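**Student:** One structure, as structure tokens, below. Some questions next.
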Amino acid sequence: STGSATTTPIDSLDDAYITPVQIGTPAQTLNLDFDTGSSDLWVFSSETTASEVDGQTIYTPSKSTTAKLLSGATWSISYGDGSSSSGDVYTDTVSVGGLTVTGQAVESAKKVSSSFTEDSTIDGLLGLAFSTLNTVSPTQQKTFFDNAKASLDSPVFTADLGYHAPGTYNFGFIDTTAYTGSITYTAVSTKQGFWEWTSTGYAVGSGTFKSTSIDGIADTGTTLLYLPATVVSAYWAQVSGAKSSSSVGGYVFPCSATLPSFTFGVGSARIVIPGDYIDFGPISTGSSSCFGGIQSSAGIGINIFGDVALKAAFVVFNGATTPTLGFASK
């Protein structure tokens, strides 16, 4: 089997991407944030505290003839941005882009933190990291991909995120028309539960490539590119007037600037992030200070190849017995 679903930016900055997901019978379609940095499929629901729902579409398990309470199971998750959610668990039929999993754990939120309530466009998350990170207790549950894997034509999924445009998540096949050149594959460590890999270096603009190992995670659920402070300083030094602002929370730059590209290495291959992709717009409405899309990972404890980086590539998440990642230009 295969599946193929379009993923759509939630706003004009590509802050996140939503993908329609069919849950239950008859289907209830919710727009979920596919997150290769976490491993829970959780949804706003008829059980979510009413004051914490503000415009999201909810899953109502009592209206699904295939829903079953997973008795005794609870979940609770905290994300790297400080947000969180928790609740109980149902199993139900879940379909993405025509690919159906029966008996998928659907984690129903009883509580969500304010950042989720305040974002009416995201109805929940669909985790695509390794199932060792799933938070369901006392019986850990498998991700949608883990449940689907054995049925797929090939044990892979691909992320093809658009810049200011829709893109595609495919399951079970590589679309050889979706990228240019060849796909370069690189080793993955699953020891922390992430799609963790080592970039071979970077360049700023038209500058020389610096060969240096940068361990980090491929994380579709993180907006920005978080790299070591040395790398980030080297980038922003090429933007007149850019500076790190402790009050804003990162590097800012004059909105009048033209940003240089940023290149990262994948083996001997190179992925170029155009300068435009690094502009996250005014820090507040009407400001002439703009927020940068490359930020320091110091204090986060891991480097994160978030959407800024991933949307410059066609990315293969190869879930074979020994997982690997692939990157191609597009």
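Letters A, B, ... go to the chains of the structure tokens in the order shown; residues in each chain start at 1; ligands are counted from 1 in the same order.
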What are the closest atom pairs, with distances in Å to one decimal, for all residues of segment 47-103 of chain A lying within 10 Å of segment 166-181 of chain A? Consider only C-alpha atoms, order rows by chain and residue number, and present the result as a tab-separated table.

**Tutor:**
residue	atom	partner	partner_atom	distance
A:96	CA	A:171	CA	8.7
A:97	CA	A:170	CA	8.0
A:98	CA	A:171	CA	9.7
A:99	CA	A:171	CA	7.8

**Student:** Run DSSP on the backbone and grab whatever in segment 50-282 of chain A lands in helix (DSSP H, G or I); send it over as a PyMOL selection string.

**Tutor:** chain A and resi 50-52+61-63+114-117+131-133+144-151+229-236+275-278

**Student:** Go ahead and save the residues from that selection, with N, CA and C atoms, as a compact mmCIF listing (two decimals), in the first residue's frame.

**Tutor:**
# COMPACT_ATOMS: atom_id res chain seq x y z
N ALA A 50 -13.44 22.75 27.70
CA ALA A 50 -14.10 23.60 26.71
C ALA A 50 -13.41 24.94 26.55
N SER A 51 -12.94 25.53 27.65
CA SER A 51 -12.27 26.82 27.58
C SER A 51 -10.93 26.76 26.86
N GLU A 52 -10.42 25.57 26.58
CA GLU A 52 -9.15 25.38 25.89
C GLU A 52 -9.33 25.06 24.42
N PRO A 61 -15.12 10.62 19.84
CA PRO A 61 -15.08 9.16 19.70
C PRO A 61 -16.45 8.52 19.80
N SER A 62 -17.38 9.11 20.54
CA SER A 62 -18.70 8.51 20.68
C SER A 62 -19.47 8.50 19.36
N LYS A 63 -19.05 9.30 18.38
CA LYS A 63 -19.68 9.30 17.06
C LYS A 63 -18.99 8.36 16.08
N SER A 114 -1.72 26.76 26.36
CA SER A 114 -2.32 27.92 25.72
C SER A 114 -1.90 28.07 24.26
N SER A 115 -0.66 27.70 23.92
CA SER A 115 -0.24 27.89 22.54
C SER A 115 -1.06 27.04 21.58
N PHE A 116 -1.50 25.86 22.02
CA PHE A 116 -2.39 25.06 21.18
C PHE A 116 -3.77 25.69 21.06
N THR A 117 -4.35 26.11 22.19
CA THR A 117 -5.66 26.76 22.14
C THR A 117 -5.64 27.95 21.19
N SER A 131 8.86 5.09 17.86
CA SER A 131 7.81 4.81 18.84
C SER A 131 8.34 4.72 20.27
N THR A 132 9.65 4.58 20.47
CA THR A 132 10.22 4.63 21.81
C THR A 132 9.94 5.95 22.53
N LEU A 133 9.60 7.02 21.81
CA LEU A 133 9.26 8.29 22.45
C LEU A 133 7.78 8.43 22.77
N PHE A 144 1.68 6.04 13.76
CA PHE A 144 0.98 5.71 12.52
C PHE A 144 1.91 5.02 11.53
N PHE A 145 3.12 5.56 11.37
CA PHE A 145 4.08 4.97 10.43
C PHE A 145 4.50 3.58 10.87
N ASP A 146 4.78 3.40 12.16
CA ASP A 146 5.15 2.08 12.66
C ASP A 146 4.04 1.08 12.40
N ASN A 147 2.79 1.47 12.64
CA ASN A 147 1.67 0.56 12.39
C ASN A 147 1.50 0.26 10.90
N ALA A 148 1.75 1.24 10.03
CA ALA A 148 1.53 1.05 8.61
C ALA A 148 2.68 0.32 7.91
N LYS A 149 3.86 0.31 8.53
CA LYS A 149 5.11 0.01 7.84
C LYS A 149 5.04 -1.31 7.09
N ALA A 150 4.59 -2.36 7.77
CA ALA A 150 4.62 -3.71 7.21
C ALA A 150 3.76 -3.81 5.96
N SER A 151 2.72 -2.98 5.86
CA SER A 151 1.82 -3.01 4.71
C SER A 151 2.31 -2.16 3.55
N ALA A 229 26.08 27.97 18.12
CA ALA A 229 26.22 29.42 18.15
C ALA A 229 27.30 29.93 17.21
N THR A 230 28.37 29.17 17.04
CA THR A 230 29.44 29.55 16.12
C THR A 230 28.92 29.68 14.70
N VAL A 231 28.14 28.68 14.25
CA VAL A 231 27.60 28.65 12.89
C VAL A 231 26.62 29.80 12.69
N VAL A 232 25.76 30.00 13.68
CA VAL A 232 24.72 31.01 13.58
C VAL A 232 25.33 32.41 13.57
N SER A 233 26.34 32.64 14.40
CA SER A 233 27.04 33.92 14.38
C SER A 233 27.68 34.18 13.02
N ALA A 234 28.31 33.15 12.44
CA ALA A 234 28.91 33.31 11.12
C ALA A 234 27.88 33.69 10.07
N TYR A 235 26.68 33.12 10.15
CA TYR A 235 25.63 33.49 9.20
C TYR A 235 25.23 34.96 9.36
N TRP A 236 24.84 35.34 10.57
CA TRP A 236 24.26 36.67 10.78
C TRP A 236 25.30 37.77 10.65
N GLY A 275 18.08 32.61 0.80
CA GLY A 275 17.95 33.65 1.82
C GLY A 275 16.52 33.96 2.20
N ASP A 276 15.62 33.99 1.21
CA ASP A 276 14.21 34.31 1.47
C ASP A 276 13.62 33.38 2.51
N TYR A 277 14.06 32.12 2.53
CA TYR A 277 13.48 31.14 3.45
C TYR A 277 13.81 31.46 4.90
N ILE A 278 14.80 32.33 5.13
CA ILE A 278 15.31 32.63 6.46
C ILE A 278 14.64 33.88 7.04

**Student:** For a quick check of understanding, using only C-alpha atoms, which of A:130, A:42, A:163, A:197 has the smallest distance to residue 280 of chain A?

**Tutor:** A:163

**Student:** Which one is closest to residue 27 of chain A: A:67, A:43, A:136, A:152? Count only C-alpha atoms.

**Tutor:**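 Residue with the minimum atom-to-atom distance to residue 27 of chain A: A:67.
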
**Student:** Quick one: residues within 6 Å of segment 201-211 of chain A, only C-alpha atoms counted, chain neighbours fewer than 4 positions away excluded, as an NGL selection string?

**Tutor:** :A and (235 or 260-265)

**Student:** In Å, with one decimal, what is the gap from atom CA of residue 20 of chain A to atom CA of residue 32 of chain A?

**Tutor:**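 Result for atom CA of residue 20 of chain A versus atom CA of residue 32 of chain A: 6.3 Å, one decimal.
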
**Student:** I'd like to know which of A:79, A:185, A:59, A:253 is closest to residue 106 of chain A, using only C-alpha atoms.

**Tutor:**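 Comparing A:79, A:185, A:59, A:253 against residue 106 of chain A, the winner is A:59.
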
**Student:** If you run DSSP on the backbone here, which positions in segment 200-297 of chain A get strand (DSSP E)? Please write them as number ranges by chain.

**Tutor:** A: 200-204, 210-218, 225-227, 243-245, 250-254, 262-266, 269-273, 279-282, 289-292, 294-296

**Student:** Output C-alpha atoms for every residue in that selection, as a PDB file, in the first residue's frame.

**Tutor:**
ATOM      1  CA  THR A 200      29.032  17.390   7.043  1.00  0.00           C
ATOM      2  CA  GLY A 201      29.245  21.198   7.252  1.00  0.00           C
ATOM      3  CA  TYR A 202      27.932  24.503   6.032  1.00  0.00           C
ATOM      4  CA  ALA A 203      28.472  27.581   3.911  1.00  0.00           C
ATOM      5  CA  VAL A 204      27.116  31.116   4.216  1.00  0.00           C
ATOM      6  CA  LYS A 210      33.301  24.655   6.184  1.00  0.00           C
ATOM      7  CA  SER A 211      33.696  20.915   6.712  1.00  0.00           C
ATOM      8  CA  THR A 212      32.547  20.158  10.251  1.00  0.00           C
ATOM      9  CA  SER A 213      30.288  17.518  11.781  1.00  0.00           C
ATOM     10  CA  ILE A 214      26.951  18.888  13.019  1.00  0.00           C
ATOM     11  CA  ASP A 215      24.757  16.320  14.777  1.00  0.00           C
ATOM     12  CA  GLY A 216      21.076  17.190  14.725  1.00  0.00           C
ATOM     13  CA  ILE A 217      17.541  15.989  14.145  1.00  0.00           C
ATOM     14  CA  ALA A 218      15.263  16.207  11.118  1.00  0.00           C
ATOM     15  CA  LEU A 225      16.840  25.894  11.880  1.00  0.00           C
ATOM     16  CA  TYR A 226      18.694  25.690  15.226  1.00  0.00           C
ATOM     17  CA  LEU A 227      22.469  25.295  14.960  1.00  0.00           C
ATOM     18  CA  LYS A 243      22.158  41.090  16.107  1.00  0.00           C
ATOM     19  CA  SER A 244      21.058  38.714  18.820  1.00  0.00           C
ATOM     20  CA  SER A 245      18.347  40.303  20.948  1.00  0.00           C
ATOM     21  CA  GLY A 250      17.061  35.451  19.114  1.00  0.00           C
ATOM     22  CA  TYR A 251      18.674  36.988  16.087  1.00  0.00           C
ATOM     23  CA  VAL A 252      16.827  39.849  14.438  1.00  0.00           C
ATOM     24  CA  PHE A 253      17.772  41.780  11.335  1.00  0.00           C
ATOM     25  CA  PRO A 254      16.644  44.913   9.487  1.00  0.00           C
ATOM     26  CA  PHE A 262      22.737  28.984   3.845  1.00  0.00           C
ATOM     27  CA  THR A 263      24.112  25.654   2.624  1.00  0.00           C
ATOM     28  CA  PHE A 264      24.277  22.474   4.683  1.00  0.00           C
ATOM     29  CA  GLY A 265      26.137  19.288   3.835  1.00  0.00           C
ATOM     30  CA  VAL A 266      24.646  15.817   3.479  1.00  0.00           C
ATOM     31  CA  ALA A 269      26.061  16.659  -1.322  1.00  0.00           C
ATOM     32  CA  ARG A 270      24.861  20.172  -0.534  1.00  0.00           C
ATOM     33  CA  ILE A 271      21.387  21.548   0.188  1.00  0.00           C
ATOM     34  CA  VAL A 272      20.996  25.289  -0.382  1.00  0.00           C
ATOM     35  CA  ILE A 273      18.464  27.225   1.703  1.00  0.00           C
ATOM     36  CA  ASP A 279      13.026  35.691   6.730  1.00  0.00           C
ATOM     37  CA  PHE A 280      10.306  35.294   9.377  1.00  0.00           C
ATOM     38  CA  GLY A 281       9.050  38.839   9.093  1.00  0.00           C
ATOM     39  CA  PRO A 282       8.491  41.677  11.525  1.00  0.00           C
ATOM     40  CA  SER A 289      13.019  44.517  12.875  1.00  0.00           C
ATOM     41  CA  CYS A 290      12.573  41.061  11.368  1.00  0.00           C
ATOM     42  CA  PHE A 291      13.010  37.670  13.027  1.00  0.00           C
ATOM     43  CA  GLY A 292      15.655  35.313  11.690  1.00  0.00           C
ATOM     44  CA  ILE A 294      18.429  30.468  11.718  1.00  0.00           C
ATOM     45  CA  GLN A 295      18.840  30.590  15.488  1.00  0.00           C
ATOM     46  CA  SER A 296      21.233  29.224  18.087  1.00  0.00           C
TER      47      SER A 296
END

**Student:** For the atom pair atom CA of residue 83 of chain A and atom CA of residue 19 of chain A, what is the interatomic distance in Å to one decimal place?

**Tutor:**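 Distance between the two atoms: 20.3 Å.
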
**Student:** Using only C-alpha atoms, which protein or nucleic acid residues come within 6 Å of segment 307-324 of chain A? Drop anything in the same chain fewer than 4 positions from it, and give the result as a PDB file with C-alpha atoms, in the first residue's frame.

**Tutor:**
ATOM      1  CA  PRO A 155       9.093   1.105   4.601  1.00  0.00           C
ATOM      2  CA  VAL A 156       9.560   4.817   3.983  1.00  0.00           C
ATOM      3  CA  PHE A 157       7.840   8.152   4.114  1.00  0.00           C
ATOM      4  CA  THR A 158       8.890  11.386   2.439  1.00  0.00           C
ATOM      5  CA  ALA A 159       8.507  15.037   3.363  1.00  0.00           C
ATOM      6  CA  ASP A 160       8.342  17.597   0.548  1.00  0.00           C
ATOM      7  CA  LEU A 161       7.489  20.857   2.305  1.00  0.00           C
ATOM      8  CA  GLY A 162       6.754  23.947   0.253  1.00  0.00           C
ATOM      9  CA  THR A 186      23.081   9.406   5.498  1.00  0.00           C
ATOM     10  CA  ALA A 187      23.196   7.386   8.706  1.00  0.00           C
ATOM     11  CA  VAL A 188      20.656   7.789  11.500  1.00  0.00           C
ATOM     12  CA  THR A 220       9.150  18.732  10.613  1.00  0.00           C
ATOM     13  CA  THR A 223       9.682  25.894  12.315  1.00  0.00           C
ATOM     14  CA  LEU A 224      13.272  27.135  12.340  1.00  0.00           C
ATOM     15  CA  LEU A 225      16.840  25.894  11.880  1.00  0.00           C
ATOM     16  CA  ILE A 273      18.464  27.225   1.703  1.00  0.00           C
ATOM     17  CA  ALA A 328      17.735  15.667  -2.538  1.00  0.00           C
ATOM     18  CA  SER A 329      17.526  19.116  -4.008  1.00  0.00           C
ATOM     19  CA  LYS A 330      14.264  20.020  -5.737  1.00  0.00           C
TER      20      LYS A 330
END

**Student:** Counting only C-alpha atoms, what is within 12 Å of residue 54 of chain A, bar same-chain residues fewer than 4 positions away, as a list in words?

**Tutor:**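 Selected residues are residues 44, 45, 48, 49, 50, 58, 112, 114, 115, 116, 117, 118, 119, 120, 121, 122 and 123 of chain A.
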
**Student:** Could you please take those selected residues and save N, CA, C and O atoms as a tab-separated table (two decimals), in the first residue's frame?

**Tutor:**
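Below is the file that was written, result_18.tsv:
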chain	number	residue	atom	x	y	z
A	44	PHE	N	-7.37	17.39	19.49
A	44	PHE	CA	-8.48	18.06	20.14
A	44	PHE	C	-9.70	17.16	20.04
A	44	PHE	O	-9.92	16.50	19.02
A	45	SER	N	-10.52	17.15	21.09
A	45	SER	CA	-11.59	16.18	21.13
A	45	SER	C	-12.79	16.72	21.90
A	45	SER	O	-12.75	17.80	22.51
A	48	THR	N	-11.82	17.59	25.40
A	48	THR	CA	-10.93	18.70	25.73
A	48	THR	C	-11.69	19.75	26.53
A	48	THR	O	-12.80	20.15	26.14
A	49	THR	N	-11.10	20.19	27.64
A	49	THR	CA	-11.64	21.29	28.43
A	49	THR	C	-12.17	22.39	27.52
A	49	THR	O	-11.43	22.91	26.68
A	50	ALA	N	-13.44	22.75	27.70
A	50	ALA	CA	-14.10	23.60	26.71
A	50	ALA	C	-13.41	24.94	26.55
A	50	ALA	O	-13.29	25.46	25.43
A	58	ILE	N	-12.75	19.07	16.37
A	58	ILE	CA	-12.56	18.08	17.41
A	58	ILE	C	-12.94	16.69	16.91
A	58	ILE	O	-13.84	16.52	16.08
A	112	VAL	N	-4.88	21.01	26.98
A	112	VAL	CA	-3.84	21.49	26.09
A	112	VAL	C	-3.34	22.82	26.64
A	112	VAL	O	-4.08	23.57	27.27
A	114	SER	N	-1.72	26.76	26.36
A	114	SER	CA	-2.32	27.92	25.72
A	114	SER	C	-1.90	28.07	24.26
A	114	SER	O	-2.69	28.53	23.44
A	115	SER	N	-0.66	27.70	23.92
A	115	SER	CA	-0.24	27.89	22.54
A	115	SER	C	-1.06	27.04	21.58
A	115	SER	O	-1.29	27.46	20.44
A	116	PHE	N	-1.50	25.86	22.02
A	116	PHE	CA	-2.39	25.06	21.18
A	116	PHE	C	-3.77	25.69	21.06
A	116	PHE	O	-4.31	25.83	19.96
A	117	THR	N	-4.35	26.11	22.19
A	117	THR	CA	-5.66	26.76	22.14
A	117	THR	C	-5.64	27.95	21.19
A	117	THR	O	-6.59	28.16	20.42
A	118	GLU	N	-4.57	28.74	21.24
A	118	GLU	CA	-4.48	29.98	20.50
A	118	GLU	C	-4.25	29.77	19.02
A	118	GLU	O	-4.37	30.74	18.26
A	119	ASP	N	-3.95	28.56	18.58
A	119	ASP	CA	-3.75	28.27	17.17
A	119	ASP	C	-4.94	27.46	16.66
A	119	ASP	O	-4.98	26.23	16.80
A	120	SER	N	-5.89	28.15	16.05
A	120	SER	CA	-7.12	27.50	15.62
A	120	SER	C	-6.92	26.60	14.43
A	120	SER	O	-7.84	25.84	14.11
A	121	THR	N	-5.77	26.67	13.76
A	121	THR	CA	-5.55	25.94	12.52
A	121	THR	C	-5.04	24.52	12.72
A	121	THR	O	-5.06	23.73	11.77
A	122	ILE	N	-4.56	24.18	13.91
A	122	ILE	CA	-3.95	22.89	14.17
A	122	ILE	C	-4.85	22.11	15.12
A	122	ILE	O	-5.08	22.53	16.26
A	123	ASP	N	-5.38	20.98	14.64
A	123	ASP	CA	-6.33	20.16	15.39
A	123	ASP	C	-5.65	19.05	16.20
A	123	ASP	O	-6.34	18.29	16.87

**Student:** Extract, using only C-alpha atoms, all DNA, RNA and protein residues at most 10 Å from residue 92 of chain A, discarding same-chain residues fewer than 6 positions from it, and format them as an mmCIF file with N, CA, C and O atoms, in the first residue's frame.

**Tutor:**
data_model
loop_
_atom_site.group_PDB
_atom_site.id
_atom_site.type_symbol
_atom_site.label_atom_id
_atom_site.label_comp_id
_atom_site.auth_asym_id
_atom_site.auth_seq_id
_atom_site.Cartn_x
_atom_site.Cartn_y
_atom_site.Cartn_z
ATOM 1 N N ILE A 23 -10.168 10.185 10.743
ATOM 2 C CA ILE A 23 -10.214 9.395 11.973
ATOM 3 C C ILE A 23 -11.635 8.883 12.184
ATOM 4 O O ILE A 23 -12.588 9.668 12.195
ATOM 5 N N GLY A 24 -11.774 7.574 12.388
ATOM 6 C CA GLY A 24 -13.053 7.031 12.780
ATOM 7 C C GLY A 24 -13.959 6.680 11.626
ATOM 8 O O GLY A 24 -13.629 6.813 10.443
ATOM 9 N N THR A 25 -15.155 6.230 12.008
ATOM 10 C CA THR A 25 -16.168 5.760 11.074
ATOM 11 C C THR A 25 -17.534 6.265 11.516
ATOM 12 O O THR A 25 -17.981 5.935 12.619
ATOM 13 N N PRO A 61 -15.116 10.619 19.843
ATOM 14 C CA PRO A 61 -15.083 9.157 19.704
ATOM 15 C C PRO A 61 -16.447 8.518 19.797
ATOM 16 O O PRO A 61 -16.668 7.484 19.162
ATOM 17 N N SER A 64 -17.941 7.667 16.500
ATOM 18 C CA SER A 64 -17.213 6.746 15.642
ATOM 19 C C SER A 64 -17.540 5.318 16.042
ATOM 20 O O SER A 64 -17.288 4.916 17.181
ATOM 21 N N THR A 65 -18.070 4.548 15.096
ATOM 22 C CA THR A 65 -18.467 3.179 15.391
ATOM 23 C C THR A 65 -17.272 2.258 15.555
ATOM 24 O O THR A 65 -17.441 1.138 16.043
ATOM 25 N N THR A 66 -16.079 2.700 15.172
ATOM 26 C CA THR A 66 -14.869 1.908 15.303
ATOM 27 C C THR A 66 -13.989 2.349 16.469
ATOM 28 O O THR A 66 -12.962 1.719 16.720
ATOM 29 N N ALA A 67 -14.369 3.392 17.202
ATOM 30 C CA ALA A 67 -13.580 3.834 18.343
ATOM 31 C C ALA A 67 -13.762 2.895 19.523
ATOM 32 O O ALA A 67 -14.863 2.417 19.792
ATOM 33 N N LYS A 68 -12.675 2.655 20.247
ATOM 34 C CA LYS A 68 -12.704 1.869 21.470
ATOM 35 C C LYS A 68 -11.787 2.524 22.494
ATOM 36 O O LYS A 68 -10.626 2.800 22.189
ATOM 37 N N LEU A 69 -12.291 2.765 23.702
ATOM 38 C CA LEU A 69 -11.427 3.275 24.757
ATOM 39 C C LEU A 69 -10.312 2.270 24.992
ATOM 40 O O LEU A 69 -10.565 1.067 25.107
ATOM 41 N N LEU A 70 -9.079 2.760 25.067
ATOM 42 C CA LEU A 70 -7.940 1.936 25.476
ATOM 43 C C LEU A 70 -7.889 2.043 26.995
ATOM 44 O O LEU A 70 -7.381 3.018 27.561
ATOM 45 N N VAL A 101 -4.758 2.671 8.597
ATOM 46 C CA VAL A 101 -4.318 1.860 9.725
ATOM 47 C C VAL A 101 -5.522 1.617 10.620
ATOM 48 O O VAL A 101 -6.190 2.570 11.031
ATOM 49 N N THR A 102 -5.795 0.355 10.929
ATOM 50 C CA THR A 102 -6.797 0.041 11.939
ATOM 51 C C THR A 102 -6.120 -0.122 13.296
ATOM 52 O O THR A 102 -4.947 -0.497 13.390
ATOM 53 N N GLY A 103 -6.861 0.196 14.351
ATOM 54 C CA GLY A 103 -6.332 0.039 15.689
ATOM 55 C C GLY A 103 -5.258 1.035 16.064
ATOM 56 O O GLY A 103 -4.464 0.764 16.968
ATOM 57 N N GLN A 104 -5.214 2.189 15.407
ATOM 58 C CA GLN A 104 -4.247 3.218 15.753
ATOM 59 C C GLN A 104 -4.623 3.870 17.078
ATOM 60 O O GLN A 104 -5.786 4.207 17.307
ATOM 61 N N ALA A 105 -3.629 4.087 17.934
ATOM 62 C CA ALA A 105 -3.860 4.851 19.152
ATOM 63 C C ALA A 105 -4.056 6.317 18.799
ATOM 64 O O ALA A 105 -3.163 6.960 18.231
ATOM 65 N N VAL A 106 -5.232 6.819 19.139
ATOM 66 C CA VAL A 106 -5.619 8.208 18.968
ATOM 67 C C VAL A 106 -5.727 8.788 20.365
ATOM 68 O O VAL A 106 -6.607 8.413 21.148
#

**Student:** To one decimal place in Å, what is the distance between atom CA of residue 256 of chain A and atom CA of residue 288 of chain A?

**Tutor:**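 Those two atoms sit 7.6 Å apart.
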